Amino acid sequence: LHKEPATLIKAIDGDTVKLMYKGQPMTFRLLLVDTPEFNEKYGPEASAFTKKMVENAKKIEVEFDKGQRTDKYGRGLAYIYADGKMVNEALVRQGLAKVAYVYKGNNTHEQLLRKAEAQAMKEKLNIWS
Ligand SMILES: Cc1cn([C@H]2C[C@H](OP(=O)(O)O)[C@@H](COP(=O)(O)O)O2)c(=O)[nH]c1=O
Ligand SMILES: [Ca+2]
């Protein structure tokens, strides 16, 4: 897998973000994670977390997996990196997202995220308290 440049357009919530990719605006949905909707418990905290992470980054990168790059809603499906730190992984680590939507084509970083989830559960963080 390889990392591609991209620029913040707008934070949306815990696991979606509007980015410019190859000069085009696009909504990206984070692979392998599920944050609560904003109207749910830890929803605002998740939105806030992803927001600080992408807004404070000097460099945002997009990294597609091996399968699907676009979902049925036309959202890009990717691992997003903020100055070298994976947002997907950081949300899980903090117990602000659960590992989810693990599909056969796009699961490269699955073990790494379940590792972070076990560790966040161990600490009873946010979702897991
Ligand atoms: C994370 C992810 C979600 N999706 C689809 C499945 C879900 O369909 P349904 O809407 O039919 O339940 C939806 C959930 O996304 P949200 O969690 O952002 O709503 O997005 C994918 O197709 N691929 C993916 O990698
Ligand atoms: Ca969600």
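Residue numbering: from 1, along the chain as shown.
Determined via X-ray crystallography, 1.9 Å.
The backbone N, Cα and C atoms fix where each Cβ goes, and this holds for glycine too.
The annotation in Swiss-Prot ties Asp34, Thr35 to Ca(2+), and of the candidates under consideration, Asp15, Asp65, the one tied to the same site is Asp15. Counted within 10 Å of its Cβ, the other Cβ atoms near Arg29 (active site) come to 18, all protein chains included. A count of other CB atoms within 10 A of each Cβ picks out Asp15 as the most crowded of the recorded positions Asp15, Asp34, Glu37.
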